[PDB]
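Taking the form deposited in one PDB entry, here's one chain by itself in structure tokens.
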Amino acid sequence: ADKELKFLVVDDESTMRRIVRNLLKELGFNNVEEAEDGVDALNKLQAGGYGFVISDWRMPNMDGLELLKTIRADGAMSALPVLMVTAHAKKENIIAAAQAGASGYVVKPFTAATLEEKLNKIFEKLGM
């Protein structure tokens, strides 16, 4: 994928945002910004330029499922890649996010290898 692709990393835990940012850096992506909840994320997205979202689920203000749904329903960002990265492991959680339009889904804890595999799976699906 284009190494200038602009990522938004969304999680309410600074530790997890730091994990994902550093993994993205290793993969060659340095155009990375962070958001602390779904509301903060939408403000950033509204500000423009983003080409990929990685999001947690359980967050205050607006959770990741609502964020996903919002993005998918918005005509300005409907096809924006969204990878869910969440401690929600239940099949009904994965179904709800899949059906809402998740581009992929990674369960915490995850390895560096899993994140790269699931990112690449999305890049290939979208011809990126």
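So that there is no doubt, residue numbering starts at 1 and follows the sequence shown.
Not on display, but discussed next: the form solved in complex with a partner chain.
Residue contact with the partner chain in the entry with it bound: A76 places no heavy atom within 4.5 Å of it. Taking the partner from the other structure, the partner chain in the entry with it bound has no heavy atom within 4.5 Å of any heavy atom of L27.
In the entry with it bound, at least one heavy atom of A98 sits within 4.5 Å of the partner chain. Contact annotation for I94: at least one heavy atom lies within 4.5 Å of the partner chain in the entry with it bound.
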